[PDB]
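Report on the structure given below.
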Amino acid sequence: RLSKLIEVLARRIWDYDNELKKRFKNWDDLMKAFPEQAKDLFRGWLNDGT
Amino acid sequence: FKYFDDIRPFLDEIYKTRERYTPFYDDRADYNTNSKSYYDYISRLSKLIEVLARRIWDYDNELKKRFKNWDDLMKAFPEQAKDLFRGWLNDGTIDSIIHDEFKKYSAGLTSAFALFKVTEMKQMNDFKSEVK
Amino acid sequence: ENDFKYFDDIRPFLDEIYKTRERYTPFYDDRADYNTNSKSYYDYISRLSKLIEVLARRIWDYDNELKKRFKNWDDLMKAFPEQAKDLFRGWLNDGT
């Protein structure tokens with residue numbers, strides 16, 4: 001039973017990896033491409049309202 | 001340090017035994033009852049329950065690194081917003097701010113008090129026509 | 001002053017065990033074969049079992065904590081244009 005239990009939580013660690021590699025392929029793009037996005041979104045024309 | 005290693009060469013490590021030749025008739029295992037096998041099995045099985053907890057430490061160390069990188073970039077960001085605004089002032093888009101600041105509000109205040117003053121004057125002409 | 005005799009009322013009970021600690025062999029005996037029962041394998045996996053389940057649950061419920069921690073990332077993302085326009089209206093105050 002303890003062998004089955006370490007197996008199933010090892011599979012839980014693997015789907016943490018499968019989730020988290022995908023999250024960091026997403027996130028670090030935003031942290032790499034941040035200044036271009038910072039120049040881009042700031043030029044939106046809500047500025048006259050401010 | 002994020003490495004989804006692969007799933008199959010870990011699930012065989014829990015079902016693997018070398019089975020070395022420990023001799024019978026020695027004092028390594030005196031009574032050779034089936035108890036020292038249990039000790040050596042469960043203690044060798046609880047290695048991987050340290051392993052994946054170290055993997056949890058790897059996750060949280062990485063996320064601390066991630067949010068720290070974000071926090072330092074947010075420290076740096078007003079140094080971009082300044083000189084961005086200097087780009088916004090040394091160009092000709094001051095014609096947004098001075099024209100949208102000037103004309104609409106000035107004409108609104110002048111026409112508002114002009115309408116109010118002419119309406120008040122019409123009220124006073126009405127009032128003197130009432131009085132006389 | 002002659003105070004703090006808390007180091008001193010220990011003295012008649014600290015010489016006492018030094019007296020009856022090592023002068024025993026004319027007064028006692030070495031016989032009777034007391035049995036000692038000490039902890040087979042079932043107490044060993046007792047010592048290991050609560051210890052593994054108390055971190056087995058505490059890595060099973062890592063997902064909801066991590067779910068919080070990549071929820072507030074997107075909370076920061078949706079809070080960021082507000083903070084950018086709030087930063088922008090700061091400098092133009094002196095700017096205009």
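Naming scheme: A, B, ... for chains in displayed order of the structure tokens; residues 1 onward per chain; ligands 1 onward as shown.
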> If we count only C-alpha atoms, which residues of chain C reach to within 8 Å of chain A? Please list them as number ranges by chain.
Replying inline: C: 56, 60, 63, 84, 89
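Selecting chain A residues within 9 Å of chain B and counting only C-alpha atoms yields residues 3, 6, 7, 10, 11, 13, 14, 17, 18, 20, 21, 28, 31, 35, 38, 39 and 48 of chain A.
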Could you take the residues named above and write them with C-alpha atoms, as an mmCIF file, in the first residue's frame?
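Saved to again_10.cif:
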data_model
loop_
_atom_site.group_PDB
_atom_site.id
_atom_site.type_symbol
_atom_site.label_atom_id
_atom_site.label_comp_id
_atom_site.auth_asym_id
_atom_site.auth_seq_id
_atom_site.Cartn_x
_atom_site.Cartn_y
_atom_site.Cartn_z
ATOM 1 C CA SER A 3 4.391 1.548 -2.565
ATOM 2 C CA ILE A 6 4.361 6.857 -3.230
ATOM 3 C CA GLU A 7 3.608 5.927 -6.839
ATOM 4 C CA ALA A 10 4.953 10.702 -7.624
ATOM 5 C CA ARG A 11 2.488 10.936 -10.497
ATOM 6 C CA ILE A 13 4.586 15.514 -8.846
ATOM 7 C CA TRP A 14 4.786 14.717 -12.557
ATOM 8 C CA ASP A 17 5.829 19.436 -13.737
ATOM 9 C CA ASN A 18 3.561 19.132 -16.775
ATOM 10 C CA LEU A 20 4.460 24.178 -14.446
ATOM 11 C CA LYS A 21 6.701 23.918 -17.520
ATOM 12 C CA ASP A 28 8.779 34.214 -18.846
ATOM 13 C CA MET A 31 8.810 38.936 -18.437
ATOM 14 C CA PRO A 35 9.346 46.579 -22.227
ATOM 15 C CA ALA A 38 5.069 48.457 -21.847
ATOM 16 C CA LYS A 39 5.629 50.795 -24.765
ATOM 17 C CA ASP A 48 -7.352 61.930 -23.205
#
> Residues of chain C within 8 Å of chain B, using only C-alpha atoms, as a PyMOL selection string?
Replying inline: chain C and resi 41+45+52+59+87-88
Got time to write the residues from that selection, C-alpha atoms, as a short mmCIF file (atom, residue, chain, number, x, y, z; two decimals), in the first residue's frame?
data_model
loop_
_atom_site.label_atom_id
_atom_site.label_comp_id
_atom_site.auth_asym_id
_atom_site.auth_seq_id
_atom_site.Cartn_x
_atom_site.Cartn_y
_atom_site.Cartn_z
CA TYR C 41 9.70 -3.67 13.19
CA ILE C 45 7.18 1.57 10.67
CA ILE C 52 5.51 9.95 5.89
CA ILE C 59 2.55 17.54 -0.60
CA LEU C 87 1.92 56.05 -12.16
CA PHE C 88 1.35 58.14 -15.27
#
Tell me which protein, DNA and RNA residues are within 12 Å of residue 17 (chain B), counting only C-alpha atoms, leaving out same-chain ones fewer than 6 positions away, and put them as a PDB file with N, CA and C atoms, in the first residue's frame.
ATOM      1  N   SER B  37      15.368  -8.033   6.476  1.00  0.00           N
ATOM      2  CA  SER B  37      14.914  -7.727   5.129  1.00  0.00           C
ATOM      3  C   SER B  37      13.868  -6.627   5.140  1.00  0.00           C
ATOM      4  N   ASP B  40      15.727  -3.227   5.919  1.00  0.00           N
ATOM      5  CA  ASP B  40      16.457  -2.778   4.749  1.00  0.00           C
ATOM      6  C   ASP B  40      15.533  -2.487   3.576  1.00  0.00           C
ATOM      7  N   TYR B  41      14.294  -2.974   3.596  1.00  0.00           N
ATOM      8  CA  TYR B  41      13.434  -2.617   2.485  1.00  0.00           C
ATOM      9  C   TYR B  41      12.721  -1.298   2.715  1.00  0.00           C
ATOM     10  N   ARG B  44      15.171   1.669   2.670  1.00  0.00           N
ATOM     11  CA  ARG B  44      15.598   1.998   1.321  1.00  0.00           C
ATOM     12  C   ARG B  44      14.450   2.474   0.461  1.00  0.00           C
ATOM     13  N   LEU B  45      13.216   2.244   0.885  1.00  0.00           N
ATOM     14  CA  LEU B  45      12.100   2.769   0.120  1.00  0.00           C
ATOM     15  C   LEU B  45      11.828   4.217   0.477  1.00  0.00           C
TER      16      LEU B  45
END
